[PDB]
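Inspection log for the structure reproduced underneath, given as C-alpha cells.
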Amino acid sequence: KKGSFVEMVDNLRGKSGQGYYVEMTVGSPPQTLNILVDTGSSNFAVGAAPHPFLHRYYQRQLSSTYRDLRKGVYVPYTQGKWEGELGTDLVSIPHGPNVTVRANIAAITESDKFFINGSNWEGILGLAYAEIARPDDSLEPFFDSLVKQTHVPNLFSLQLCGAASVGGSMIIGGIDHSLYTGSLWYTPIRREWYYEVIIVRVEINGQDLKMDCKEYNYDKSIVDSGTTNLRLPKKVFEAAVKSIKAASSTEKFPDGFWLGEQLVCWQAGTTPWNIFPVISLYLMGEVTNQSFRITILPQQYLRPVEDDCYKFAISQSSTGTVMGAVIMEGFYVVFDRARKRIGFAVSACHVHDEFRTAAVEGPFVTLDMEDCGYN
Ligand SMILES: CO[C@H](C)C(=O)N[C@@H](Cc1cccc(-c2nccs2)c1)[C@H](O)CN[C@H]1CC2(CCC2)Oc2ncc(CC(C)(C)C)cc21
C-alpha cells in the first residue's frame with residue numbers, strides 16, 4: 001500500500017437514496033465498518049450496540065487501543081438523531097491514504113430514525129468543520145485529526161457518480177486528474193462551519209430569476225453530500241417550481257409530485273427530458289467581480305426510483321440552500337480546506353443527455369457579489 005490516488009479511485013459505494021459510504025477500520029485488531037460520507041456535519045460516529053438495521057457494530061471491548069472520554073453526546077440531524085458515548089481509537093481507511101490516526105469516535109448506543117434498513121453503512125463521517133461539532137467545537141473532527149497527525153494535505157475531493165447501486169471516489173489529500181475534464185472553477189468558502197458558499201445568480205433555461213441575490217443564500221448556502229436533494233429557500237423554491245412547471249406544462253403531474261410525495265412514471269425509455277429545464281447556479285469566483293456557473297441537467301433533479309419512475313429532487317427549505325448529492329453527482333468537487341475554497345469541474349462520470357451537457361463555465365462578471373451574503 002502506497003496511498004497513491006489510483007488506490008482511492010472507486011472507493012465509494014451506496015444504495016440509491018441511502019447515501020455514499022467508504023470502508024473504514026476502527027480499533028486493534030481492526031474492525032471493518034462502512035461509513036457514510038457527510039460534508040454536512042462534523043462528527044465521526046459508529047453504531048456500537050445492536051440495532052435491527054445494523055449487520056455489524058463497533059465492539060469497544062475487543063479493541064485494545066480504545067480510550068473512553070467519559071462524556072456523552074447526541075446529534076440531531078434534520079429528522080434522524082443518535083446518542084452515544086465519546087471515545088478515541090485508531091482509525092484507517094483501507095482504500096485511502098496509507099496512514100492510521102487516533103480520532104474521536106462517538107459510539108452510538110441509541111438512535112431514532114438514523115440507521116436505514118439495508119443501507120450497508122454502520123456509521124457517519126462528518127467532514128465539515130469543528131464549529132458545528134457536538135457537543136461543542138472542542139471535539140476535533142476526523143479530517144482535522146488526519147491532517148494534524150500525518151502528512152496528508154489538507155484537502156479532499158468527491159466524485160459522486162449516478163447509477164440500484166451507486167459508486168464514486170473520495171480522493172483524500174489531493175486531486176486525481178483522471179476523474180474530471182476541462183478546468184476546475186473555485187468558489188470561496190465563506191465561513192468554516194458548514195461548507196458555506198455564495199450563490200450570486202440563478203438561471204432556468206437561460207432566463208434569470210431576477211431575485212434579490214440575498215434570497216438565494218437565506219439564511220445560508222452549503223455543499224452537503226449528506227443531503228440528497230437540492231434544497232431551496234421558500235421564495236426561491238416557489239419561483240423555480242413555477243418556472244419548471246411552465247416549462248413542462250405539456251405534461252400532466254399530480255400536485256404532490258412537486259412536493260416530492262408522489263412519483264411520476266413514463267413508458268420505459270420515453271421520459272420527456274427535453275421539457276424539463278436546465279438550472280444554472282452562479283457562484284462567487286476567486287477574483288474581483290468574477291463568478292462562474294454550474295449547469296444542472298433534469299436527470300440530476302428527477303431522481304430515478306423503483307416503467308421509468310422519478311421523484312422530484314428539489315424541495316422547499318426554511319434553513320437555506322443545500323447543494324445536495326443530486327447536484328454534486330456528475331461534478332468533481334474539490335474541498336480545498338487549505339486554500340479555503342471549493343472547486344467544481346465536469347466529472348468523468350458525467351450524467352448523459354441527448355443534446356445538453358452539465359457544464360462548469362466561466363469567467364462571468366457579476367457586480368456587488370458581497371451583497372449576496374445573508375447577515
Ligand atoms: C437525510 O438527509 C437529511 C437532510 C440529513 O439530516 N442529512 C445529514 C446526514 C445524514 C444522516 C442520516 C442519514 C442520511 C442519509 N439518508 C439517506 C441518504 S443520506 C444523512 C446531514 O448532516 C445534514 N447536513 C445539514 C443540513 C441542514 C439543512 C441546512 C443545514 O440541516 C442540518 N441540521 C442538522 C445537522 C447536524 C448538526 C451539524 C447540527 C449537528 C446537519 C444539517
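FYI, nothing fancy with the C-alpha cells labels: chains A, B, ... in order, residues from 1 per chain, ligands from 1 as they appear.
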When the cut-off is 9 Å and you count only C-alpha atoms and all ligand atoms, which residues lie near ligand 1, shown as a ChimeraX atom specification?
/A:15-20,36-43,74-81,113-116,119,124,126,128,131-135,193-194,219-229,231,317-322,324-325
Give me the residues within 12 Å of residue A:215 as a ChimeraX atom specification, counting only C-alpha atoms and dropping any in the same chain fewer than 3 places off.
/A:198-202,209-212,218-221,232-239,317-321,371-375
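The space between atom CA of residue A:22 and atom CA of residue A:260 spans 28.2 Å.
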Go through A:83, A:370, A:192, A:10 one by one, measure the shortest atom-to-atom distance of each to residue A:179 using only C-alpha atoms, and give the residue with the smallest value.
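Result for the nearest residue to residue A:179: A:10.
Closest approach to residue A:276 among A:356, A:60, A:13, A:151 is made by A:356 (distances from only C-alpha atoms).
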From A:280, A:357, A:178, A:25, residue lying nearest residue A:206 [only C-alpha atoms]
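Of A:280, A:357, A:178, A:25, the one nearest residue A:206, counting only C-alpha atoms, is A:280.
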Nearest residue to residue A:362 from the set A:64, A:217, A:187, A:138 (distances using only C-alpha atoms)
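Closest to residue A:362, using only C-alpha atoms: A:187.
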In stretch 9-235 of chain A, DSSP helix (DSSP H, G or I) residues written as a PyMOL selection string
chain A and resi 60-62+130-132+142-149+177-179+213-217+234-235
Could you please take those selected residues and save C-alpha atoms as a PDB file, in the first residue's frame?
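Okay, out.pdb is ready:
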```
ATOM      1  CA  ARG A  60     -15.099  -1.289  22.091  1.00  0.00           C
ATOM      2  CA  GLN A  61     -14.309  -4.189  24.448  1.00  0.00           C
ATOM      3  CA  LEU A  62     -12.474  -6.045  21.633  1.00  0.00           C
ATOM      4  CA  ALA A 130     -15.290  21.893  14.305  1.00  0.00           C
ATOM      5  CA  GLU A 131     -17.603  24.910  14.687  1.00  0.00           C
ATOM      6  CA  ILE A 132     -20.638  22.638  14.123  1.00  0.00           C
ATOM      7  CA  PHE A 142     -11.735  13.224  11.932  1.00  0.00           C
ATOM      8  CA  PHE A 143     -10.217  15.123   8.986  1.00  0.00           C
ATOM      9  CA  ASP A 144      -8.595  17.677  11.305  1.00  0.00           C
ATOM     10  CA  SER A 145      -7.016  14.752  13.197  1.00  0.00           C
ATOM     11  CA  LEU A 146      -5.855  13.184   9.911  1.00  0.00           C
ATOM     12  CA  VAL A 147      -4.098  16.368   8.753  1.00  0.00           C
ATOM     13  CA  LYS A 148      -2.610  17.133  12.209  1.00  0.00           C
ATOM     14  CA  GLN A 149      -1.170  13.623  12.735  1.00  0.00           C
ATOM     15  CA  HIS A 177      -6.881  14.495 -12.758  1.00  0.00           C
ATOM     16  CA  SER A 178      -8.229  11.338 -14.436  1.00  0.00           C
ATOM     17  CA  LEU A 179     -11.585  11.946 -12.714  1.00  0.00           C
ATOM     18  CA  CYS A 213     -29.422  37.572  -4.682  1.00  0.00           C
ATOM     19  CA  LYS A 214     -29.728  37.574  -0.871  1.00  0.00           C
ATOM     20  CA  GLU A 215     -32.768  35.313  -1.311  1.00  0.00           C
ATOM     21  CA  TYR A 216     -30.532  32.601  -2.823  1.00  0.00           C
ATOM     22  CA  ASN A 217     -28.477  32.490   0.370  1.00  0.00           C
ATOM     23  CA  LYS A 234     -39.279  29.165   0.166  1.00  0.00           C
ATOM     24  CA  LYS A 235     -39.262  32.222  -2.128  1.00  0.00           C
TER      25      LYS A 235
END
```
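Here atom CA of residue A:180 and atom CA of residue A:94 stand 23.5 Å from one another.
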Quick one: everything within 10 Å of residue A:90, counting only C-alpha atoms, minus sequence neighbours fewer than 5 positions away in the same chain. Send it as an MDAnalysis selection string.
chainID A and resid 25:30 63:67 100:105
For the selection just defined, write its residues with N, CA and C atoms to a file, as a PDB file, in the first residue's frame.
```pdb
ATOM      1  N   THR A  25     -11.696   1.217   9.088  1.00  0.00           N
ATOM      2  CA  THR A  25     -11.497   0.295  10.210  1.00  0.00           C
ATOM      3  C   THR A  25     -11.296   1.078  11.493  1.00  0.00           C
ATOM      4  N   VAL A  26     -11.818   0.531  12.584  1.00  0.00           N
ATOM      5  CA  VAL A  26     -11.670   1.127  13.901  1.00  0.00           C
ATOM      6  C   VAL A  26     -11.111   0.080  14.865  1.00  0.00           C
ATOM      7  N   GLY A  27     -10.160   0.494  15.698  1.00  0.00           N
ATOM      8  CA  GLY A  27      -9.661  -0.348  16.785  1.00  0.00           C
ATOM      9  C   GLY A  27      -8.505  -1.274  16.465  1.00  0.00           C
ATOM     10  N   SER A  28      -8.104  -2.056  17.469  1.00  0.00           N
ATOM     11  CA  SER A  28      -6.996  -3.005  17.349  1.00  0.00           C
ATOM     12  C   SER A  28      -7.329  -4.311  18.077  1.00  0.00           C
ATOM     13  N   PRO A  29      -7.450  -5.430  17.332  1.00  0.00           N
ATOM     14  CA  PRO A  29      -7.330  -5.558  15.874  1.00  0.00           C
ATOM     15  C   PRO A  29      -8.401  -4.750  15.119  1.00  0.00           C
ATOM     16  N   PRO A  30      -8.138  -4.399  13.842  1.00  0.00           N
ATOM     17  CA  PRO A  30      -9.053  -3.558  13.059  1.00  0.00           C
ATOM     18  C   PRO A  30     -10.441  -4.163  12.868  1.00  0.00           C
ATOM     19  N   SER A  63     -11.330  -3.908  21.334  1.00  0.00           N
ATOM     20  CA  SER A  63     -10.249  -3.031  20.896  1.00  0.00           C
ATOM     21  C   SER A  63      -9.316  -2.679  22.041  1.00  0.00           C
ATOM     22  N   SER A  64      -8.043  -3.017  21.869  1.00  0.00           N
ATOM     23  CA  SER A  64      -7.020  -2.761  22.883  1.00  0.00           C
ATOM     24  C   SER A  64      -6.582  -1.301  22.905  1.00  0.00           C
ATOM     25  N   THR A  65      -6.886  -0.577  21.828  1.00  0.00           N
ATOM     26  CA  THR A  65      -6.474   0.820  21.683  1.00  0.00           C
ATOM     27  C   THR A  65      -7.596   1.822  21.992  1.00  0.00           C
ATOM     28  N   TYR A  66      -8.768   1.304  22.359  1.00  0.00           N
ATOM     29  CA  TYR A  66      -9.907   2.129  22.764  1.00  0.00           C
ATOM     30  C   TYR A  66      -9.655   2.894  24.061  1.00  0.00           C
ATOM     31  N   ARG A  67      -9.968   4.188  24.045  1.00  0.00           N
ATOM     32  CA  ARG A  67      -9.890   5.037  25.235  1.00  0.00           C
ATOM     33  C   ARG A  67     -11.208   5.781  25.448  1.00  0.00           C
ATOM     34  N   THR A 100      -2.589   5.537   9.712  1.00  0.00           N
ATOM     35  CA  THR A 100      -3.504   5.277  10.813  1.00  0.00           C
ATOM     36  C   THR A 100      -3.434   6.454  11.771  1.00  0.00           C
ATOM     37  N   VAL A 101      -4.598   6.922  12.211  1.00  0.00           N
ATOM     38  CA  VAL A 101      -4.683   8.055  13.125  1.00  0.00           C
ATOM     39  C   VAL A 101      -5.540   7.711  14.340  1.00  0.00           C
ATOM     40  N   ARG A 102      -5.309   8.409  15.445  1.00  0.00           N
ATOM     41  CA  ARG A 102      -6.218   8.298  16.571  1.00  0.00           C
ATOM     42  C   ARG A 102      -7.239   9.419  16.466  1.00  0.00           C
ATOM     43  N   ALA A 103      -8.510   9.046  16.396  1.00  0.00           N
ATOM     44  CA  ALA A 103      -9.564  10.023  16.197  1.00  0.00           C
ATOM     45  C   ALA A 103     -10.672   9.887  17.236  1.00  0.00           C
ATOM     46  N   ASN A 104     -11.393  10.985  17.453  1.00  0.00           N
ATOM     47  CA  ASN A 104     -12.604  10.972  18.250  1.00  0.00           C
ATOM     48  C   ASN A 104     -13.653  10.114  17.567  1.00  0.00           C
ATOM     49  N   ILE A 105     -14.303   9.263  18.355  1.00  0.00           N
ATOM     50  CA  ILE A 105     -15.388   8.422  17.877  1.00  0.00           C
ATOM     51  C   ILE A 105     -16.552   8.492  18.861  1.00  0.00           C
TER      52      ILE A 105
END
```
Of A:300, A:205, A:181, A:315, the one nearest to residue A:241 when counting only C-alpha atoms is A:315
Sel. of strand (DSSP E or B) residues, stretch 27-121 of chain A, as JSON, numbers by chain:
{"A": [31, 32, 33, 34, 35, 36, 37, 38, 44, 45, 46, 47, 67, 68, 69, 70, 71, 72, 73, 74, 75, 76, 81, 82, 83, 84, 85, 86, 87, 88, 89, 90, 91, 92, 100, 101, 102, 103, 104, 105, 106, 107, 108, 109, 110, 111, 112]}
Which one is closest to residue A:251: A:166, A:265, A:359, A:197? Count only C-alpha atoms.
A:265
